[PDB]
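Quick note on labels: first sequence line is chain A, next is B, and so on, each numbered from 1. Side-chain atoms are counted along with the backbone in the values below, which use heavy atoms only and exclude waters and symmetry mates.
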Amino acid sequence: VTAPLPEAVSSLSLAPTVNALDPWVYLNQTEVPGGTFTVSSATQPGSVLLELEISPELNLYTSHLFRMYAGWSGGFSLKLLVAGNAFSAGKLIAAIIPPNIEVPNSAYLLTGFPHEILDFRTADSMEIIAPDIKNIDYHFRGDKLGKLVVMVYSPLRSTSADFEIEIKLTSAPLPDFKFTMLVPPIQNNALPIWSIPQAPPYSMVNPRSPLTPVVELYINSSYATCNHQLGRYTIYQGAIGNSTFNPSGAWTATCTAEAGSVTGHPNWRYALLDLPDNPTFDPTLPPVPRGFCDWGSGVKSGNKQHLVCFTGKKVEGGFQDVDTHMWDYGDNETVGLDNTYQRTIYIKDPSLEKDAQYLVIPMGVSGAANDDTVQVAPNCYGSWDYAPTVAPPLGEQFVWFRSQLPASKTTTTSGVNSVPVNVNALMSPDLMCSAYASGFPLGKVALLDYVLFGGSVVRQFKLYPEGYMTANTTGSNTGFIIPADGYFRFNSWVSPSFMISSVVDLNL
Amino acid sequence: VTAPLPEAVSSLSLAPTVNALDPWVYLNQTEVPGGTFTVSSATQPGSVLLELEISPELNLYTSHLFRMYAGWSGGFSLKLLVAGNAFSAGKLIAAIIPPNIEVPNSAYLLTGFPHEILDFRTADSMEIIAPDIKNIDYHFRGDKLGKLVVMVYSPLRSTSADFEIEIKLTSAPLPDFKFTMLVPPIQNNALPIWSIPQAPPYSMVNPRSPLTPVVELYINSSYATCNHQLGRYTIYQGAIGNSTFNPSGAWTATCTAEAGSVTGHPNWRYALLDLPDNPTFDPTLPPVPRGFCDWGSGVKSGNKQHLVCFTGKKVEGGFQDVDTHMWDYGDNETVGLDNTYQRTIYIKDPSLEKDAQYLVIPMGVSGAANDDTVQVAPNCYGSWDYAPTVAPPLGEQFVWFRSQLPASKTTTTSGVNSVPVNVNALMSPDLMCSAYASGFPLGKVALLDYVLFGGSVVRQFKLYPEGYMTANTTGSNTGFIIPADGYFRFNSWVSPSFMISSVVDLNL
Amino acid sequence: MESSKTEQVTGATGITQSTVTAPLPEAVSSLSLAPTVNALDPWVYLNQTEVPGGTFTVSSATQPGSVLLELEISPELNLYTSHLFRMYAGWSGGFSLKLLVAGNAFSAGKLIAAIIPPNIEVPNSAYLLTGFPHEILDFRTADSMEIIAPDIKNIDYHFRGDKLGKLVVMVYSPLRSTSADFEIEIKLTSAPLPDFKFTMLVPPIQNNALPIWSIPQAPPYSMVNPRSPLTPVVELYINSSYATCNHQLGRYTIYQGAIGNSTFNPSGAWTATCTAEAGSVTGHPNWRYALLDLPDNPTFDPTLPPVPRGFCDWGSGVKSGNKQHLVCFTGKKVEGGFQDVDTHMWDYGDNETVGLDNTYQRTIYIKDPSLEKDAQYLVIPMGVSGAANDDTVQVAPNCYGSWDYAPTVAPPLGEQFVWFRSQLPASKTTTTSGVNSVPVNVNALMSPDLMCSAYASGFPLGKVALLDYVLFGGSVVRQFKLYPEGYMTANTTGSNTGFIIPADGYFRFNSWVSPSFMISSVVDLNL
């Protein structure tokens, strides 16, 4: 139980230099970065709660020092802090997986590896030593490493009313741990602490509707999944799908008139979007210009709902008599050419001259459209890289950046009368800016504090590396809104299974 | 000779814990952050070329380690590297100033302090021991420290080649250096390295003209000063003047359209801009909406110069009858209000009602306007801490972010016709985003590389903490342009009077 | 770490644990540079006393990462060393701090305490707090934890004004329990360690804050109302609507005394004079302009206040042409005094223009058709007339310029202000006197009489005063918090705009608490 697998001390005889650590980092324990997780009666047996590579990143002092070195060798001593209670009983399993071996799928295969069983009522203060299984006399960064795995063995049950149990891990290098090679401190390790400069949300741009400031943060019950293409960013990859780092700059686009039309009470003329970055229109590149609108207007109701936009005919060094018309994606009454994110569109123009360039500024929606229709985005098909659809873990809801879009009216028959609507974006580039500097620990999620009334009120959100925020809510409702005073603050790294202690009541 | 002042070894009897260093840190020199400067025959006599506090910030490794500790004690060993040649006649002096002693302004007096003298022709490196002068057991953050001062002892009189000589420093702690009292590694000091993202300029927003992508970088020998109020950001105060971090969100504004008029061949009516951030219009706060517009039509023109904006009537839900009209700041007849960047504005709309809300979108410019007129912003008066006018050091020129503004035309009586024009911005918030995460060392400037053709062409700029970039030029031109392919790269920290080695020759 | 002791609870359904820990070793100064080393009474080392601002409550709502307690290691921790320190110039040595936890075997959660060295920022997350030397408790078994807090310094002994280390306490894991109203209570006690010493006896007159503040038993009705002299204070008041105060007369602060335009003699300074400058403004009657005289600011510079010291801040309204006005005595100045003193209507600045409508300046209205040119006149604010009510008088006119006026203040969320009311008599006239005022009430944030005693005994740095208000011979007691900025707040749960509290008086001092402290007593406004 103390030592599932023996730890073999290396002599470091091949290292050009052996760099010793401060004697005092060996003596005191610190919390493991990302070593916190929670167990609930709803957790299913055989589900992985925590997965850690035995690495200098298990401790924040060695994690900070590791930015300065090229090699390392040695194991760690872990200690388990359990906030249990007198009524609940369960059981956990912790195992060591040697490098180059796949992690099992079920608890009963996990027992094949060196392991040991934890019982919730006796687990507190248990000590486990995690050895490092090494090939060379010492490690170079980028090698494959063994890892510790914690899994539910017997589900949590309670005689009285059920309580959650929160687990913490603390660690310290084992006396044989050592570094080597002393390189400049800009290495690729993720820093144990992330510093976020203060920037209120309303100071951030709304990627899915520029020119309208973020009014407030938003949580809705109905919005269970996101399939957007513009507000998607990722720390590992940057802009995803059709996103851009300058939403306002890429908002405007142009299109060329096309032969033909379709049926409608007025006339529905064709157009074809220009693709400066896809001149040949090959299947492997985006069908539409980067940063263009992705609002949806009905699955098939081309006539009930309409997108609206400024449009003007091309002229040397400018455009002429820009005015507001209706438009929409695809030719309608089709699977791949209706409500689809592709380059074919139609415009509500009585007289559209063939093979002429035209402006297209998405502006706002009109007709019977409402915010619910707007959020659903047109579907994407093909081989080009489009942002995957995402959903929050069960029991959590998305947090959106909300913007309000003014309506547009007209006495003259300019062509349209837009309808006021609200716009939501799941992420904004400004918040991600800081993260690129400091990477995320592998497979870990950032827990952020959002404090509003000068410390009086604090909300807790989880920011995933895929680029969305979630909140744990006892209630689920459509109209809940958080103010935008701002001041995000970083709290700690948590396992993706972690459940936020602070709860937001939405039905009330 | 190398140790004019001996080092006193503290017993550290009052330190709760004594934390040792990795022994290999003592045996390796590294460059001193911000220890680079140049000297030439144009250097003024008696000026201090360099002034460094003796602290853990002199070495890359101790600077990174110091973030983990609360106190320190010990001195440093320094080396000077001179890049002169056989024609460089002159001498240099380096001295050690104890705390609370004022630095004199004559090399003759510096010989009183413990010093060392070197010749500009030396190809080796001169070494000097910089001890830790203190009357306390060890140092906390924020104490008064001894300094190293470098000054010209005998001036450069050869004046045959007349080229700049570049000086660098390297350092390593002395064997008696120690730390104390481990703490979590989070501090508010500037990091010695400023890894910048890979974003090219064309993916950055133009503060003075959103909706138009940045198309190139621009140098013009005529623009000797900048008085803008929008693209102004500083490292130590964030947004300055009337600037904002979401220029697109704050582009639009509203006015009330009060009574009155002014003389003109058409009829122009007055209006007052709404000030949500300054509801009561006190003199201490800005007199215009945050980040609205500072294009500066012209010094005195009613029939030749005009700005054109989209405007519409305020109604429930939104705005009605949005179309392009002329407008301008203040009234042309009187001084101090003609072009003054304040509340009162023209509107060219005969059918403009009384005390009714209206929408404004600066859009473009019309008339006889050109690039030069747009470049100069309206004057600012009052006591609302506006952004001051700035100029580059002699021999350097600004580098601007340049964007193209399409013209809007009309074949009917819509009213206005704009003309093509180009808009320049001093700085973009996107570049400054990462700078705030990694602050600037006090009293230093960042030297940046600009890589264009996969490394075949590299330019060098200086980014001042006041928020502008400059380049070293020799020719004389008014239309030099640079591609926006991008990939800014960080080189090092240099003194504000550093002379860049790479020269942009404008005659090509 | 040093030792641990376990005991069985009565009934044998759990245990309690007492521990002694020294997370950071103590370095004992040799005191070789001290001219004299002065010892303490040996019985002072054996007497644990409660630490000022050393109490807080943990409930299920409290979240980890919020700093519940933060104290400097200094002689101010102990009641007797604080009193002794006034006789000495320097000190040296650490303290033993004891955490007392009222836990139970059928709860859950953890607690963390850490020592912060000088000149280090305090983080806001339990994750980072584990970087410091620390200790962790569990609510199921925690009874008392003793911390040997060291005295971290780089000098032989301390003088007044140095930077000192701190103790910080935070929730490590949230509290849980079957009952929804269970909560843990935490308290701190301290005593100097055996190596603590003083040095260099000096006469006992220092600027420190006395550990105990003695409040005279003068009742509120014996105190003056800064914003309405000549009318005694009649009761204390709480209003839910009044969420902020922008007054400039009843403003006093512990450090720099009077604030904005306030004065220590409100009755004396209640009078002012004007010059009756030319010009006029429209109206059904005829209104006149006058410029207030500024004896303290003879040259009208923007640095100094633009109105007479402690003059008047009623507040008439954002716009009131023929609805609301201020009424005052007025009389033309003659040799030896003034003649024909009678009531007239007046207001601040002009009406239409902004920045002068409701603001502090020399310009004021006069309701005098026969106002002689460039002649001095007397002004006694009296009261209000027209459609004015309590709300209009409550909101004072705005302040502009750079004359370091009194900033607007608001209470912490969940708390409400406590005011001093006063019935302003109404003035009626039957003949052609000219004006007719109406009854109205005036509120003041604070009275100089209460703050007068506090100046003698300053507040400990970073602490507020918790006061007891005894009314019916001790049977009924109310709790208020007195902030250094000069206002009182109470904890409320209901919602009412007319809550009244008698003015029997007898203010009493309870203890020093943190600004974020939550009052145990609650005032129900619905009753």
Practice problem: Check whether any side-chain N or O of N491(A) sits under 3.5 Å from a backbone N or O of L447(A) as a donor-acceptor pair, and report yes or no. | Solution: no

Practice problem: Evaluate the side-chain hydrogen bond (donor to acceptor under 3.5 Å, both in side chains) criterion for residues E415(C) and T489(C): first the C-alpha distance (whole Å), next the side-chain angles of each, then the deciding distance (0.1 Å), finally the verdict. | Solution: CA-CA 6 Å; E415(C) 316 194 353; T489(C) 71; 2.6 Å; yes

Quiz prompt | Contacting region of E31(A) [heavy-atom separation from chain C under 4.5 Å] | solution = both

Quiz item: Does any heavy atom of chain C fall under 4.5 Å from the side chain of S492(A), the backbone, both, or neither of them?
Solution: both

Exercise. Using non-hydrogen atoms and a 4.5 Å limit, figure out which bit of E164(A) sits close to chain C: side chain, backbone, both or neither.
Key: both

Practice problem: State whether the number of non-hydrogen atoms from other residues, nucleotides or ligands found under 6.0 Å of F453(A) atom CZ is greater than 12. | Solution: no

Self-check item: Under 4.5 Å from a heavy atom of chain C, the part of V451(A) involved
Solution: neither

Quiz item: Would you find more than 12 non-hydrogen atoms of other residues, nucleotides or ligands less than 6.0 Å from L461(C) atom CG?
Solution: no

Self-check item: Over-ring placement of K168(A) relative to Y172(C), 6.0 Å and 45° cut-offs
Solution: yes

Self-check item: Under 4.5 Å from any heavy atom of chain C - which part of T30(A)
Solution: both

Self-check item: Greatest number of heavy atom pairs closer than 4.5 Å to chain A - which of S177(C), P412(C), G65(C), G109(C)
Solution: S177(C)

Quiz item: Quick one: what part of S107(C) sits under 4.5 Å from any heavy atom of chain A, side chain, backbone, both or neither?
Solution: backbone

Quiz item: Any idea how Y487(C) and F417(C) line up, ring-wise: parallel (<30°), tilted (30 to 60°), or perpendicular (>60°)?
Solution: perpendicular

Self-check item: Ring center gap for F488(A) and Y450(A) short of 6.0 angstrom
Solution: yes

Quiz item: chain C: which of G454(A), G455(A), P192(A) shares the most heavy-atom pairs with it under 4.5 Å?
Solution: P192(A)

Exercise. Check whether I136(C) gets within reach of chain A through its side chain, its backbone, both or neither, counting any heavy atom under 4.5 Å.
Key: side chain

Quiz item: Is it the backbone or the side chain of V82(A) that comes under 4.5 Å from a heavy atom of chain C, or both, or neither?
Solution: backbone

